[PDB]
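Trainee: This is structure-v6.txt (compact mmCIF, C-alpha atoms and all ligand atoms).
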```txt
# COMPACT_ATOMS: atom_id res chain seq x y z
CA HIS A 4 0.00 0.00 0.00
CA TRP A 5 2.76 2.48 0.97
CA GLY A 6 5.18 3.75 -1.67
CA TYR A 7 7.00 6.90 -2.79
CA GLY A 8 4.20 8.61 -4.81
CA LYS A 9 2.07 11.69 -4.05
CA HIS A 10 -0.78 9.65 -2.47
CA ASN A 11 1.24 6.94 -0.65
CA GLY A 12 4.73 8.42 -0.11
CA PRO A 13 6.74 9.40 2.96
CA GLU A 14 4.36 12.19 4.10
CA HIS A 15 1.56 9.56 4.39
CA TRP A 16 3.51 6.78 6.19
CA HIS A 17 2.70 8.02 9.73
CA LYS A 18 -0.98 7.00 9.27
CA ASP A 19 -0.11 3.26 9.14
CA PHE A 20 3.20 3.60 11.07
CA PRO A 21 2.87 6.32 13.72
CA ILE A 22 6.56 5.87 14.76
CA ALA A 23 7.23 7.84 11.51
CA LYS A 24 7.01 10.94 13.80
CA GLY A 25 9.21 9.32 16.51
CA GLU A 26 12.29 10.49 18.39
CA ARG A 27 14.94 8.56 16.36
CA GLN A 28 13.84 8.49 12.72
CA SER A 29 16.14 8.10 9.70
CA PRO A 30 17.56 9.36 7.47
CA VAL A 31 18.97 12.69 8.72
CA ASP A 32 21.09 15.50 7.36
CA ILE A 33 24.69 15.10 8.57
CA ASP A 34 25.91 18.59 9.52
CA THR A 35 29.67 17.94 9.17
CA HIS A 36 30.69 20.97 11.30
CA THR A 37 28.34 19.89 14.22
CA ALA A 38 29.26 16.15 14.17
CA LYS A 39 31.54 15.48 17.20
CA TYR A 40 34.86 13.67 16.55
CA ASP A 41 34.80 10.84 19.12
CA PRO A 42 38.34 9.48 19.70
CA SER A 43 36.72 6.58 21.71
CA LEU A 44 35.06 5.21 18.48
CA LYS A 45 36.81 2.06 17.17
CA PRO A 46 37.66 1.30 13.56
CA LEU A 47 34.82 -0.51 11.84
CA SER A 48 35.48 -4.27 11.35
CA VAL A 49 33.97 -5.48 8.03
CA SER A 50 34.53 -9.28 7.59
CA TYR A 51 32.94 -10.23 4.22
CA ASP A 52 35.51 -12.86 2.99
CA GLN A 53 33.06 -15.81 3.57
CA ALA A 54 29.90 -13.99 2.37
CA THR A 55 27.34 -16.22 0.59
CA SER A 56 24.97 -14.26 -1.65
CA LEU A 57 21.78 -16.17 -2.49
CA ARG A 58 19.18 -14.20 -4.52
CA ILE A 59 18.50 -10.80 -6.10
CA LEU A 60 14.87 -9.58 -5.64
CA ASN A 61 12.67 -6.64 -6.83
CA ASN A 62 10.56 -6.05 -3.70
CA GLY A 63 8.46 -3.18 -5.31
CA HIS A 64 10.44 -0.47 -3.34
CA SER A 65 14.12 -1.37 -4.15
CA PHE A 66 16.09 -4.35 -5.31
CA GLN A 67 18.02 -6.37 -2.75
CA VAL A 68 20.77 -8.94 -2.78
CA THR A 69 20.15 -11.45 0.04
CA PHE A 70 22.82 -13.41 1.92
CA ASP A 71 22.94 -16.58 3.99
CA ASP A 72 22.68 -15.19 7.56
CA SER A 73 22.40 -18.67 9.21
CA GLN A 74 26.09 -18.45 10.39
CA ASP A 75 28.69 -15.69 11.11
CA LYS A 76 30.02 -15.60 7.45
CA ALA A 77 29.69 -11.87 6.62
CA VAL A 78 29.76 -9.79 9.82
CA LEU A 79 30.11 -6.20 11.02
CA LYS A 80 31.76 -5.56 14.41
CA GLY A 81 33.63 -2.74 16.16
CA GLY A 82 33.04 0.90 15.29
CA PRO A 83 30.20 2.01 17.62
CA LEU A 84 28.85 -1.58 17.95
CA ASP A 85 28.81 -4.02 20.85
CA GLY A 86 28.89 -7.63 19.56
CA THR A 87 28.46 -9.20 16.15
CA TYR A 88 26.05 -8.28 13.33
CA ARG A 89 25.31 -10.67 10.42
CA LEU A 90 24.79 -9.32 6.87
CA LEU A 91 21.23 -10.08 5.72
CA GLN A 92 20.95 -8.03 2.49
CA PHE A 93 22.03 -4.93 0.65
CA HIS A 94 19.87 -2.60 -1.42
CA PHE A 95 19.94 0.91 -2.88
CA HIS A 96 17.97 4.15 -2.99
CA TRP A 97 18.29 6.37 -6.06
CA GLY A 98 16.82 9.30 -7.95
CA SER A 99 15.21 10.18 -11.28
CA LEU A 100 18.30 12.44 -11.92
CA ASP A 101 21.77 12.53 -10.43
CA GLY A 102 21.02 15.45 -8.05
CA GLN A 103 18.82 13.36 -5.75
CA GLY A 104 18.55 9.76 -4.61
CA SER A 105 20.42 9.51 -1.31
CA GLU A 106 18.53 9.28 1.99
CA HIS A 107 21.23 10.77 4.20
CA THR A 108 22.51 14.18 3.13
CA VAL A 109 25.84 15.81 3.96
CA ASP A 110 25.55 19.56 4.66
CA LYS A 111 22.24 19.29 2.69
CA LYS A 112 24.07 17.73 -0.33
CA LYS A 113 22.13 14.85 -1.94
CA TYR A 114 24.06 12.10 -3.72
CA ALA A 115 22.76 10.23 -6.78
CA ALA A 116 22.19 7.05 -4.73
CA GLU A 117 22.83 5.36 -1.40
CA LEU A 118 23.82 1.74 -0.74
CA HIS A 119 22.59 0.12 2.50
CA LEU A 120 24.18 -3.07 3.87
CA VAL A 121 21.72 -4.35 6.49
CA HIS A 122 23.05 -6.38 9.44
CA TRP A 123 21.39 -7.75 12.60
CA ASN A 124 22.70 -8.42 16.09
CA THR A 125 23.30 -12.16 16.66
CA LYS A 126 22.41 -11.78 20.38
CA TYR A 127 18.71 -11.60 19.24
CA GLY A 128 18.94 -14.78 17.12
CA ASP A 129 16.82 -13.63 14.14
CA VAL A 130 16.19 -10.37 12.33
CA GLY A 131 12.48 -10.26 13.31
CA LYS A 132 13.45 -10.23 16.99
CA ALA A 133 16.31 -7.78 16.30
CA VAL A 134 13.93 -5.17 14.74
CA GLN A 135 12.12 -5.03 18.14
CA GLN A 136 15.34 -3.89 19.92
CA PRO A 137 17.02 -0.45 20.02
CA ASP A 138 20.40 -2.07 19.16
CA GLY A 139 18.98 -4.79 16.89
CA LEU A 140 20.33 -3.68 13.46
CA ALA A 141 23.41 -1.97 12.04
CA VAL A 142 23.09 -0.45 8.58
CA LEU A 143 26.25 0.56 6.74
CA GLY A 144 25.44 3.39 4.33
CA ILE A 145 27.61 4.31 1.33
CA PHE A 146 26.98 7.28 -0.96
CA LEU A 147 27.15 6.91 -4.77
CA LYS A 148 28.23 9.78 -7.03
CA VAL A 149 28.25 9.61 -10.85
CA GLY A 150 31.58 9.55 -12.66
CA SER A 151 33.81 6.53 -13.28
CA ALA A 152 32.22 3.03 -13.26
CA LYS A 153 32.43 0.82 -10.15
CA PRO A 154 33.61 -2.56 -11.58
CA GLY A 155 32.31 -4.48 -8.52
CA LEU A 156 28.75 -3.19 -9.20
CA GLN A 157 28.57 -4.43 -12.84
CA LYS A 158 27.45 -8.04 -11.98
CA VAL A 159 24.46 -6.46 -10.15
CA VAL A 160 23.66 -4.01 -13.02
CA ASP A 161 23.71 -6.78 -15.64
CA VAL A 162 20.97 -8.93 -14.02
CA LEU A 163 18.47 -6.08 -13.33
CA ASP A 164 16.68 -6.72 -16.70
CA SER A 165 15.68 -10.16 -15.20
CA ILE A 166 13.93 -8.58 -12.12
CA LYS A 167 12.27 -5.57 -13.82
CA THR A 168 8.92 -5.79 -11.92
CA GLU A 169 7.91 -6.37 -8.23
CA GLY A 170 8.51 -9.81 -6.57
CA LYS A 171 10.65 -11.05 -9.55
CA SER A 172 13.87 -12.71 -8.26
CA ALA A 173 16.92 -14.51 -9.72
CA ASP A 174 19.81 -16.64 -8.50
CA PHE A 175 22.65 -14.36 -7.44
CA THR A 176 25.40 -16.56 -6.03
CA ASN A 177 29.11 -15.78 -5.57
CA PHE A 178 28.69 -11.99 -5.40
CA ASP A 179 31.43 -10.33 -3.31
CA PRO A 180 30.15 -7.18 -1.55
CA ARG A 181 33.77 -6.11 -0.82
CA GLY A 182 33.73 -4.78 -4.43
CA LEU A 183 31.20 -2.05 -3.38
CA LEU A 184 33.30 -0.51 -0.57
CA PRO A 185 35.30 2.76 -0.78
CA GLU A 186 38.95 2.91 0.36
CA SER A 187 38.27 4.65 3.70
CA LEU A 188 36.07 3.27 6.51
CA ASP A 189 35.88 6.75 8.12
CA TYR A 190 32.26 7.15 9.28
CA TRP A 191 29.54 9.08 11.02
CA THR A 192 27.23 7.24 13.41
CA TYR A 193 23.94 7.97 15.18
CA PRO A 194 20.93 6.03 16.54
CA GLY A 195 18.04 5.83 14.06
CA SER A 196 15.44 3.78 12.29
CA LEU A 197 14.55 1.74 9.23
CA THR A 198 13.85 4.22 6.39
CA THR A 199 10.85 2.25 5.04
CA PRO A 200 7.82 0.91 6.88
CA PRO A 201 7.73 -0.36 9.55
CA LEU A 202 10.21 2.50 10.37
CA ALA A 203 11.29 0.58 13.51
CA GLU A 204 13.71 2.47 15.79
CA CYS A 205 16.20 -0.40 15.86
CA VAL A 206 19.20 0.83 13.81
CA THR A 207 22.72 1.95 14.64
CA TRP A 208 23.54 3.92 11.46
CA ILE A 209 27.13 3.88 10.18
CA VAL A 210 27.46 6.25 7.18
CA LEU A 211 30.81 6.25 5.38
CA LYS A 212 32.29 9.66 4.53
CA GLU A 213 33.87 8.52 1.24
CA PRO A 214 31.42 7.96 -1.64
CA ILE A 215 31.94 5.37 -4.36
CA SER A 216 31.78 6.46 -8.01
CA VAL A 217 29.43 4.67 -10.42
CA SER A 218 28.95 5.40 -14.12
CA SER A 219 25.92 7.06 -15.69
CA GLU A 220 25.27 3.74 -17.52
CA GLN A 221 25.20 1.85 -14.20
CA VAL A 222 22.68 4.19 -12.51
CA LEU A 223 20.56 4.38 -15.72
CA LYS A 224 20.01 0.60 -15.33
CA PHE A 225 18.67 1.18 -11.78
CA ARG A 226 16.20 3.68 -13.29
CA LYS A 227 14.82 1.11 -15.80
CA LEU A 228 13.42 -0.99 -12.89
CA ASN A 229 9.66 -0.72 -12.25
CA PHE A 230 7.75 -0.21 -9.03
CA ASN A 231 4.74 -2.00 -10.63
CA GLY A 232 4.10 -5.71 -11.10
CA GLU A 233 4.31 -7.24 -14.57
CA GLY A 234 1.41 -6.18 -16.84
CA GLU A 235 0.42 -3.22 -14.54
CA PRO A 236 0.83 0.40 -15.75
CA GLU A 237 4.59 1.01 -15.98
CA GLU A 238 5.95 3.33 -13.20
CA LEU A 239 9.75 3.70 -13.20
CA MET A 240 11.38 2.72 -9.83
CA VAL A 241 13.01 6.11 -9.24
CA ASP A 242 13.06 8.48 -6.24
CA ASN A 243 12.70 5.59 -3.73
CA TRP A 244 14.30 7.69 -0.96
CA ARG A 245 12.83 9.04 2.27
CA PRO A 246 13.88 12.64 2.91
CA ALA A 247 15.84 13.79 5.97
CA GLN A 248 13.88 13.63 9.27
CA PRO A 249 14.27 15.81 12.38
CA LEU A 250 17.44 15.09 14.37
CA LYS A 251 15.60 15.85 17.68
CA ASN A 252 17.71 14.90 20.76
CA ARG A 253 20.52 13.09 18.88
CA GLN A 254 24.27 13.54 18.41
CA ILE A 255 26.04 12.48 15.22
CA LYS A 256 29.56 11.26 16.05
CA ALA A 257 32.53 11.18 13.62
CA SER A 258 35.20 8.44 13.71
CA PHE A 259 37.69 10.94 12.14
CA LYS A 260 39.08 14.51 12.62
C1 LIG B 1 13.71 -5.09 4.59
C2 LIG B 1 13.51 -4.12 5.82
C3 LIG B 1 12.81 -2.83 5.41
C4 LIG B 1 13.64 -1.94 4.54
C5 LIG B 1 14.84 -1.57 5.38
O1 LIG B 1 15.64 -0.55 4.64
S1 LIG B 1 16.65 0.42 5.32
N1 LIG B 1 16.65 1.51 4.28
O2 LIG B 1 16.09 0.86 6.58
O3 LIG B 1 17.90 -0.33 5.46
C6 LIG B 1 15.65 -2.86 5.66
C7 LIG B 1 14.83 -3.83 6.35
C8 LIG B 1 15.25 -4.47 7.53
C9 LIG B 1 14.52 -5.45 8.31
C10 LIG B 1 13.35 -6.03 7.54
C11 LIG B 1 12.61 -4.84 6.94
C12 LIG B 1 11.22 -5.13 6.45
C13 LIG B 1 10.38 -6.07 7.34
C14 LIG B 1 11.18 -7.28 7.93
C15 LIG B 1 11.43 -8.33 6.83
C16 LIG B 1 10.66 -7.99 9.05
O4 LIG B 1 9.45 -8.25 9.20
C17 LIG B 1 11.68 -8.52 9.86
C18 LIG B 1 12.96 -7.95 9.29
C19 LIG B 1 12.42 -6.73 8.55
ZN ZN B 2 17.77 1.49 2.69
```
Could you quickly redo this structure as structure tokens?

Mentor:
Amino acid sequence: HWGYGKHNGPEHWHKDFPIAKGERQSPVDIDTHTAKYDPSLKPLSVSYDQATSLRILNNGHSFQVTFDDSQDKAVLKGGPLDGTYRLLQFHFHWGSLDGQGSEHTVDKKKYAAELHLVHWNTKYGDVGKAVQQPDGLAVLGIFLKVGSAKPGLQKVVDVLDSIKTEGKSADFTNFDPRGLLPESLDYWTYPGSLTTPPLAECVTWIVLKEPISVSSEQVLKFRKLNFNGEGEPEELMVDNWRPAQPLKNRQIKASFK
């Protein structure tokens, strides 16, 4: 029922999901001059060597690549986190044009897209239990700008024609998400929420400062996806981003000076 359109988009979500107006909603604008360098923050530990990708899916609001999260094979630790978080899936948010698409903003700058790697805290045993906890999930966010191609994204790009419409899926084995990461793991962090319904306030956000570059041809393939199901009126899957929400009583911390 919810979506990104005039009649069902972000300004409507609070009717079905009243936490949309909560105290720790995401995304936010990252004011780089106000973010506090925290010398107590640890380097982020990203251990993706044993990742097992399974499927690629058009879920009607994004596409996602899903991983085997039945063991500690692709995990996030350290940084602001206590304990071990298993990679469940990654997905993107993007625009109709290159000047919008990201969910987080940096000094009000919007990037062309934003990559989210979604992880859940193994102390809660499954992701459904983790979304009911304030420290249940850790989402690693990476900005995309348009310039040079990202070679590690091309395998994703090339299968999108097979999942054009909602609920369509394909095998997507042996994909290495290390090929989507920038050089630096410098980050901002704050407590927030899922950025789609149910908008649960369960996420430690970790947003990398360094964007990756993707080519215009790569992001144009994102924009050929459809929000609609097969045979329904064709509505390009573009502008699937929630805008920045009020920071309220939160501090954004920087891992770097
Ligand atoms: C897929 C989605 C929503 C979109 C979120 O995107 S974002 N942008 O916040 O990372 C990532 C995310 C995490 C947990 C997942 C939830 C939808 C509902 C699920 C499946 C449950 O019922 C239990 C786990 C829940
Ligand atoms: Zn997301």

Trainee: Which residues of chain A have any atom within 7 Å of an atom in ligand LIG 1 (chain B) when counting all atoms listed in the file, and what is the closest pair of atoms for each, with the distance in Å to one decimal? Order the rows by chain and rising number and write it as JSON lines.

Mentor:
```
{"residue": "A:119", "atom": "CA", "partner": "B:LIG1", "partner_atom": "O3", "distance": 5.6}
{"residue": "A:121", "atom": "CA", "partner": "B:LIG1", "partner_atom": "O3", "distance": 5.6}
{"residue": "A:130", "atom": "CA", "partner": "B:LIG1", "partner_atom": "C18", "distance": 5.1}
{"residue": "A:131", "atom": "CA", "partner": "B:LIG1", "partner_atom": "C17", "distance": 3.9}
{"residue": "A:134", "atom": "CA", "partner": "B:LIG1", "partner_atom": "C18", "distance": 6.2}
{"residue": "A:142", "atom": "CA", "partner": "B:LIG1", "partner_atom": "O3", "distance": 6.1}
{"residue": "A:196", "atom": "CA", "partner": "B:LIG1", "partner_atom": "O2", "distance": 6.4}
{"residue": "A:197", "atom": "CA", "partner": "B:LIG1", "partner_atom": "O2", "distance": 3.2}
{"residue": "A:198", "atom": "CA", "partner": "B:LIG1", "partner_atom": "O2", "distance": 4.0}
{"residue": "A:199", "atom": "CA", "partner": "B:LIG1", "partner_atom": "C4", "distance": 5.1}
{"residue": "A:200", "atom": "CA", "partner": "B:LIG1", "partner_atom": "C3", "distance": 6.4}
{"residue": "A:201", "atom": "CA", "partner": "B:LIG1", "partner_atom": "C13", "distance": 6.7}
```

Trainee: Under the rule of at most 12 Å, produce a per-residue listing of chain A near ligand ZN 2 (chain B): chain, number, name, the closest pair of atoms, and the distance in Å, as a tab-separated table, using all atoms listed in the file.

Mentor:
```
residue	atom	partner	partner_atom	distance
A:29	CA	B:ZN2	ZN	9.8
A:30	CA	B:ZN2	ZN	9.2
A:64	CA	B:ZN2	ZN	9.7
A:65	CA	B:ZN2	ZN	8.3
A:66	CA	B:ZN2	ZN	10.0
A:67	CA	B:ZN2	ZN	9.6
A:92	CA	B:ZN2	ZN	10.0
A:93	CA	B:ZN2	ZN	8.0
A:94	CA	B:ZN2	ZN	6.2
A:95	CA	B:ZN2	ZN	6.0
A:96	CA	B:ZN2	ZN	6.3
A:97	CA	B:ZN2	ZN	10.0
A:104	CA	B:ZN2	ZN	11.1
A:105	CA	B:ZN2	ZN	9.3
A:106	CA	B:ZN2	ZN	7.9
A:107	CA	B:ZN2	ZN	10.0
A:116	CA	B:ZN2	ZN	10.3
A:117	CA	B:ZN2	ZN	7.6
A:118	CA	B:ZN2	ZN	7.0
A:119	CA	B:ZN2	ZN	5.0
A:120	CA	B:ZN2	ZN	8.0
A:121	CA	B:ZN2	ZN	8.0
A:122	CA	B:ZN2	ZN	11.6
A:141	CA	B:ZN2	ZN	11.5
A:142	CA	B:ZN2	ZN	8.2
A:143	CA	B:ZN2	ZN	9.4
A:144	CA	B:ZN2	ZN	8.1
A:145	CA	B:ZN2	ZN	10.3
A:146	CA	B:ZN2	ZN	11.5
A:196	CA	B:ZN2	ZN	10.1
A:197	CA	B:ZN2	ZN	7.3
A:198	CA	B:ZN2	ZN	6.0
A:199	CA	B:ZN2	ZN	7.3
A:200	CA	B:ZN2	ZN	10.8
A:202	CA	B:ZN2	ZN	10.8
A:206	CA	B:ZN2	ZN	11.2
A:208	CA	B:ZN2	ZN	10.8
A:210	CA	B:ZN2	ZN	11.7
A:243	CA	B:ZN2	ZN	9.2
A:244	CA	B:ZN2	ZN	8.0
A:245	CA	B:ZN2	ZN	9.0
A:246	CA	B:ZN2	ZN	11.8
```

Trainee: Rounded to one decimal in Å, what is the spacing between atom CA of residue A:140 and atom CA of residue A:88?

Mentor: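 Straight-line distance from atom CA of residue A:140 to atom CA of residue A:88 works out to 7.3 Å.
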
Trainee: Mind pulling up the distance from atom CA of residue A:185 to atom CA of residue A:156?

Mentor: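 The value is 12.2 Å.
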
Trainee: List as an MDAnalysis selection string the residues having at least one atom at most 6 Å from position (20.2, -12.7, 7.1) as given in the file, counting all atoms listed in the file.

Mentor: chainID A and resid 70:72 90:91

Trainee: Quick one: residues within 12 Å of residue A:231, all atoms listed in the file counted, chain neighbours fewer than 4 positions away excluded, as a ChimeraX atom specification?

Mentor: /A:4,6,61-65,166-171,227,235-241

Trainee: For stretch 15-27 of chain A, list every protein, DNA or RNA residue within 8 Å, evaluated using only C-alpha atoms, and leave out those in the same chain fewer than 2 positions away; present the list as a ChimeraX atom specification.

Mentor: /A:5,10-13,29,194-196,200-204,250-253

Trainee: Could you work out how far atom CA of residue A:158 lies from atom CA of residue A:176, giving the answer in Å with one decimal?

Mentor: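 Distance reported for this atom pair: 10.6 Å.
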
Trainee: Within 9 Å of residue A:46, counting all atoms listed in the file, which residues show up once you throw out same-chain ones fewer than 3 positions away? Write them as a list in words, please.

Mentor: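 Neighbouring residues, sequence-local ones excluded: residues 81, 82, 83, 188, 189 and 258 of chain A.
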
Trainee: Which one of A:221, A:207, A:135, A:50 sits closest to residue A:157 if you count only C-alpha atoms?

Mentor: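 Among the listed residues, A:221 lies closest to residue A:157.
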
Trainee: Give the answer as one residue: which of A:190, A:225, A:114, A:127 has the shortest atom-to-atom distance to residue A:159, using only C-alpha atoms?

Mentor: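 Looking only at the distances to residue A:159, the closest residue turns out to be A:225.
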
Trainee: Select, from A:123, A:7, A:191, A:178, the residue with the minimum atom-to-atom distance to residue A:257, counting all atoms listed in the file.

Mentor: A:191

Trainee: Pick out the closest residue to residue A:216 from this set: A:172, A:99, A:28, A:151. Count only C-alpha atoms.

Mentor: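 For residue A:216, the nearest of the given residues is A:151.
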
Trainee: Looking at only C-alpha atoms, which of A:209, A:147, A:84, A:173 is the one that sits closest to residue A:222?

Mentor: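 Answer, going by the shortest atom-to-atom distance: A:147.
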